[PDB]
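In the form deposited in one PDB entry, a lone chain appears below as structure tokens.
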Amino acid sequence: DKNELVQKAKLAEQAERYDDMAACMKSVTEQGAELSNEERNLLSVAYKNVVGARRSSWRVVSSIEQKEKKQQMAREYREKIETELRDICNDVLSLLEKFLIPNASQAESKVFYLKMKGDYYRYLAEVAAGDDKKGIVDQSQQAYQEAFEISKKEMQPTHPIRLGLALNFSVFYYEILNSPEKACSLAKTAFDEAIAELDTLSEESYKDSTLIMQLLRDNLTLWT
């Protein structure tokens, strides 16, 4: 029943048919039962590629939405994508507020789901017009910050999820809040504590952690 969805989801993933993949994992979420480590990942990956396809298109339309009436045409399409994009974001945000975050048991799990929440509110702010932009920015930062505090308490500095959260909230400050110094500070801390603990560890078992840590310093370097 469920399990089949999880296999159909892995199938969709391989087919680069991500919209079916998210469709599958949404049904697994709506089972009502709290998700497994694997199942979450598939969910995050599904909707990340699903929202990402429209984010990429969006970045392209606006790139040529620079100008006369050809500039009017690009705008309507930019809006067409933005409606598709918001719908996806809202879809995930619902699953989170309704199914994922309440049933969340491990701190690891709610940090994960709270990071998702900040993320998809962040995508909304990327296309948000002035009136609700400031508010949309807020729900994200509140989600991150909550996720960020939980993570500092209960998850070791090299935990992939804590790191991913640091990187994402770091990007948030940098891009959405335009707070570069705050952005470096959060990223630099997260990285230095991660390095310090990873020299402890046999790193080969932590490729996903070292990968994110490499994303963190790439920004630190660019932002310096």
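Here the rigid core means the biggest group of C-alpha atoms that line up within 1.5 Å when the two forms are laid on top of each other. So that there is no doubt, residue numbering starts at 1 and follows the sequence shown.
Asks: Rigid core superposition, C-alpha RMS per stretch in 7 other deposited structures of this protein: which comes out larger, 188 to 196 or 54 to 62?
Replies: Most displaced of the pair in 7 other deposited structures of this protein: 188 to 196.
Asks: Name the stretch, 111 to 119 or 68 to 76, whose C-alpha atoms sit farther from the shown form on average in 7 other deposited structures of this protein, taking the rigid core as the superposition reference.
Replies: Larger mean C-alpha displacement, comparing 111 to 119 and 68 to 76 in 7 other deposited structures of this protein, is found in 68 to 76.
Asks: At least a third of the other compared entries lacking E203?
Replies: Yes, a third or more of the compared structures omit it.
Asks: I'd like the number of residues from the deposited sequence that lie between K67 and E68 yet are not in the model, binned as none, 1 to 3, 4 to 9, or 10 or more.
Replies: Unmodelled stretch: 4 to 9 residues.
Asks: Using the B-factors recorded in the PDB entry, average over the C-alpha atoms of 30 to 38 and of 153 to 161, then report which stretch comes out higher.
Replies: Higher mean C-alpha B-factor: 30 to 38.
Asks: On mean Cα temperature factor in this entry, is 71 to 79 or 106 to 114 the higher one?
Replies: The entry gives the higher C-alpha B-factor average to 71 to 79.
Asks: From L124, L93, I101, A147, which pick has the Cα B-factor that tops the rest in the entry?
Replies: Of the candidates given, the C-alpha B-factor peaks at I101.
Asks: Which third of the chain does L43 land in by C-alpha B-factor: lowest, middle or highest?
Replies: For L43, whose C-alpha B-factor we compare with every modelled residue in the chain, the answer is the lowest third.
Asks: Would the CA B-factor of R54 place it in the lowest, middle or highest third of its chain?
Replies: As the PDB entry reports it, the C-alpha B-factor of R54 lands in the middle third of its chain.
Asks: Ranked by Cα temperature factor within the chain, is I195 in the lowest third, the middle third or the highest third?
Replies: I195: CA B-factor falls in the lowest third of its chain.
Asks: Consider only the C-alpha atoms of the modelled residues in this chain, order them by B-factor as the entry records it, and name the third containing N178: lowest, middle or highest.
Replies: Ranked within chain, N178 CA B lands in the highest tercile.
Asks: Mind checking which third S185 falls in for C-alpha B-factor across the chain?
Replies: Middle third.
There is also a form deposited with a partner chain bound; it is not shown, and the following applies to it.
Asks: Please determine whether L177 contacts the partner chain in the bound PDB entry, using a 4.5 Å cut-off between heavy atoms.
Replies: Output for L177 is no: heavy atoms all beyond 4.5 Å of the partner chain.
Asks: Are any of the heavy atoms in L167 no more than 4.5 Å from a heavy atom of the partner chain in the bound PDB entry?
Replies: The answer is yes: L167 has a heavy atom within 4.5 Å of the partner chain.
Asks: The partner chain is absent from this chain, but in the bound PDB entry, do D91, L93 and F99 each have a non-hydrogen atom within 4.5 Å of it?
Replies: No, because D91, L93 and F99 lack any heavy atom that approaches the partner chain to within 4.5 Å in the bound PDB entry.
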